[PDB]
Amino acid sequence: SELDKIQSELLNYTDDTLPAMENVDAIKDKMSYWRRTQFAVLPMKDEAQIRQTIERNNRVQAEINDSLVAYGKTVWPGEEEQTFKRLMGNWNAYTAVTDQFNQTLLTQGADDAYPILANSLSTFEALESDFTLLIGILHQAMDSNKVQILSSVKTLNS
């Protein structure tokens, strides 16, 4: 039925597309904040406050990771899954860098830790661009959903 088409298009939008977009957006926001806290721990002088912040940053990393893993269970085939797979590769790359940064910040200090982040921009930028492309895919899905919904309501003008 034309009316069930409206309901299903709406349900896909409200219960699949929007939660995807909200989730990826929130993960990107958290990742971006987490990234700045990695630089934020470098001017720090007290080694116990450095330790603390790295622990908190690692907690956020795992949250990001858990959210990514959960989000990857919802991805649709095609460009999104492909993009998400790439993102997970760059995420693992970046968390490998991050674990090296943390190990180096905890051991040698910010002077020797800062280059890990500074020289690994291509690793982080690739991660960022995967989020951007993923957000682009979901933005496209949202607008395509809205077009579908608006289209399916044409039956009510009959």
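Residue indices: 1-based, along the sequence shown.
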(message) Regarding 21 to 29 and 6 to 14, which shows the higher C-alpha temperature factor on average in the entry?
(response) 6 to 14
(request) Decide which of the stretches 128 to 136 and 109 to 117 has the higher mean C-alpha B-factor, going by the entry. (result) 109 to 117
(request) In terms of CA temperature factor as recorded, identify the highest of 60, 97, 41, 70. (result) 41
(request) Going by the CA temperature factor in the entry, name the top one among 92, 37, 52, 65. (result) 52
